[PDB]
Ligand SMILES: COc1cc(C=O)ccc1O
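So this first bit is one chain, no partners, the form deposited without the ligand, shown in structure tokens.
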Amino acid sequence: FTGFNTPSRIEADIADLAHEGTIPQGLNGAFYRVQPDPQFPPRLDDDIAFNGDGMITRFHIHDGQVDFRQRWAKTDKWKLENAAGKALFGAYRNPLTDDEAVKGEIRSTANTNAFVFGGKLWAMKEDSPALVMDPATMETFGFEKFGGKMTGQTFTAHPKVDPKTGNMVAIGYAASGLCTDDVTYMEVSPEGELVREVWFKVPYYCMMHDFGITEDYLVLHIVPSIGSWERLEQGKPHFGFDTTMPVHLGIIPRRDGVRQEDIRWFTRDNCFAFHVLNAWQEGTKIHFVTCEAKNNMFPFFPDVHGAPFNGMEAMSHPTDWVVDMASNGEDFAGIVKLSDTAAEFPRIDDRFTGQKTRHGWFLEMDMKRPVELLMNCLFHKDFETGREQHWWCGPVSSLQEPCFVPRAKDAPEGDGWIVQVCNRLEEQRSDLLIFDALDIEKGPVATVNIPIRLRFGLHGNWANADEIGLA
């Protein structure tokens, strides 16, 4: 709650932000990103940054200028707390520490991702229904339960769009209640109607924060960041990592009326994997590129056996998990490390989700760079040519999730730009950087001064003027 991460709680508007360079005329749409930002002082003692109320930033880029708008995501939690004028909810994913006054309420802070789909803005916390908002006015409508047709109590913060159907693919884990081994597989039409919701069990309850899709399958990685009521009763963090448990990859056919028996389960040795770059089918093989670390990535979700955090072992690298559908038995066809670069927050050109993509972008941790006072490089890989580009934000800055933007509705994979918030840490201010996606190492084409300090953000997405009602 201090330093770079001073609370903000500023809703605002500013037209035509100052910039150093030229803003590409091609850009006509909006980058939406979210920051955890607590409305009130925390109810408990040392709450996590990951746990603040969702504040949704939007950078509307058009006619070679940038406009700012930041609004609260008005969760049930935000409203009840607002009215009550005080914190009513407790720790991250721990209903046990809530005021009795808010028992049975939707605890979502809608603080993890901000996503445009079917002419709505989705503010997402994977423990809850998505909060929907107006993409243009950025008013809150309320949580999306699709007219009581959703039966699952949760919705992913890492949804995927099938380019073929245009559908949104989603899971919801702890679907029947907290720490349950149920999971819903959902699909949503471009119009916004919920068209499919399949229940199924997973080998064990764990953090299923993400997944892949291919042309036919949902690929779901099961990594033993595990939880239980036991943990919560003793007031431990909701999740802890168990290095002694196997890692699974479930293959769910994306067709109507699937059963547990249709789901193919592969198993490998213990590792930590987190965010999914992309997956595709290669005949009978499925390629699943995730950012794999040797061990636990999150100090705050500790080793369940009291073993202390191993920073070295938390370094993640893009990795291909391959599995053959046509085989028998649980073994992986193989595991291929795609780069020695330490990377996470992976992005693809969304238009090619499920097809083998040539390009990926990541936030990189390069410990060889000076720091004169932490994710300090933008990283682009050409998987065809093997060629890796790096851009460094310099010694007093750090970077937030990059967001790919197409040059046109019809441009090749990777022909466009990268937009990303940059933390000017020593100056306690923020920039929006705009790069050539395919030549990032020459530096950003435009450095845009953001006249409000933004906090450590999480996930963010692009939409055209035509998808958000600013045509």
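A residue's number is simply how far along the shown sequence it sits, counting from 1.
Missing here is the form deposited with the ligand bound; even so, the following discussion is about that form.
- Though the ligand is absent from this view, in the deposited complex it lies within 4.5 Å of a heavy atom of just one residue from 207, 116, 232, 365, which is 207.
- Only one of 126, 401, 292, 349 comes within 4.5 Å of the ligand in the deposited complex through a heavy atom, and that residue is 126.
- The candidate site formed by 50, 93 and 112 is fully in contact with the ligand in the deposited complex, as each residue has a non-hydrogen atom within 4.5 angstroms of it.
- Look at 377-385, 352-360, 254-262, 207-215: in the deposited complex, residues with non-hydrogen atoms within 4.5 angstroms of the ligand sit in 207-215.
- For the chain shown alone, residue 287 is not a contact residue for the ligand in the deposited complex, no non-hydrogen atom being within 4.5 angstroms.
- With a 4.5 Å cutoff on heavy atoms, residue 275 counts as touching the ligand in the deposited complex.
- With a 4.5 Å cutoff on heavy atoms, residue 17 does not count as touching the ligand in the deposited complex; it lies far away.
- Interface residue remark: residue 450 is not counted as part of the site for the ligand in the deposited complex, having no heavy atom within 4.5 Å.
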